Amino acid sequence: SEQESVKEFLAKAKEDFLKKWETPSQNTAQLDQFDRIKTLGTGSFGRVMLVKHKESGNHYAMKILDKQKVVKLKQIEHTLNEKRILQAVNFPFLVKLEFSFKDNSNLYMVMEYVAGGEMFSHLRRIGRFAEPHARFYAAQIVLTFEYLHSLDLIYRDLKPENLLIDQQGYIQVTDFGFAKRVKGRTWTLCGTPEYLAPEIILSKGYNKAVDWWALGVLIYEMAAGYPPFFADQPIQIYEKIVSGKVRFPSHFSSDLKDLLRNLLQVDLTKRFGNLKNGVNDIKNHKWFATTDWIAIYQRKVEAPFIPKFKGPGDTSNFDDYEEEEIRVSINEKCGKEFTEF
């Protein structure tokens, strides 16, 4: 009965997605229409800025990618994927893409602004989340992957730096830079060291299962306050990852340790989320016995924490970055490559 409503929901969702997937939105705004306020963050190929839309007065977060840099780092296909996918999705815990456009030097993606800041900031500050608090977040991730996976989508970049906290205390997943639509196996080496599944590190060809392993890492990190595999140099991390040995802090409940040992299962064929019951083995786990998935989806649950917002356009919850002026060349750069954007 509950399972059937989901299946239906999902079904209808696949239809809406396909419609956008086949005919993507394009050139919906222009740089001239916004005022650049402040850099909210930094990533590997571009930056994110707080911006204000002259005409409506709303603030948004604008992601900026430099065409040539994208090109030098071989991220063209990834960048087209990111945009094409973001424009097609629709789920309560995903950042909404508002506008997209390009110019001689860059690519722009404008989304709703999520003022609460990165989960990363708070976690590091607090040090660690109480189990129920972490379970609350994890729940949202579960449903999100449930949605995304059903669309043949693989996320590949889960980590607290990618989860923003909204006004209501809920999570918003951002950065679809490695998101891919694939029926079958994939082989690219991408992600964040601490969160990489062994198969990825082992160059074995992987599927949706890497997302579940990552969800395991995230939950451990939220509750312990440190990831399960840490070191100073990536190579050492990968070695610990591959090795298949996990230690848990004395404070984890027996339930949690059980969930975790099943998510952090080196053998894909035994890893929760990648079995006959698929997502159900997770949702059904004793650790989540308390969670009303529906209510979470509905956002009827009281968030355990609510970040402080002092006004629209308030950046208080974000770290400070050095400002770099955006420069638009007189010559069109890499036109061919980004035709579809």
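In case it trips you up, residue 1 is the first one in the sequence shown, and so on.
- Here the stretch with the larger average CA B-factor, out of 112 to 120 and 228 to 236, is 228 to 236.
- Comparing the deposited coordinates for 178 to 186 and 74 to 82, the stretch with the larger average C-alpha B-factor is 178 to 186.
- Per the PDB entry, 277 shows the highest C-alpha temperature factor of the residues 68, 27, 39, 277.
- You'll see in the entry that, of 61, 289, 282, 64, the Cα B factor peaks at 289.
- Per the deposited record, the Cα B-factor of residue 221 falls in the lowest third when ranked against the other modelled residues of its chain.
- For residue 18, the recorded CA B-factor ranks within the lowest third of the chain. Only modelled residues enter the ranking.
- Among all modelled residues in this chain, the alpha-carbon of residue 259 has a temperature factor (C-alpha) in the middle third.
- In this PDB entry, the Cα temperature factor of residue 252 sits in the top third of its chain's modelled residues, the highest group.
- Ranked against the other modelled residues of its chain, the C-alpha B-factor of residue 31 as given in the entry falls in the highest third.
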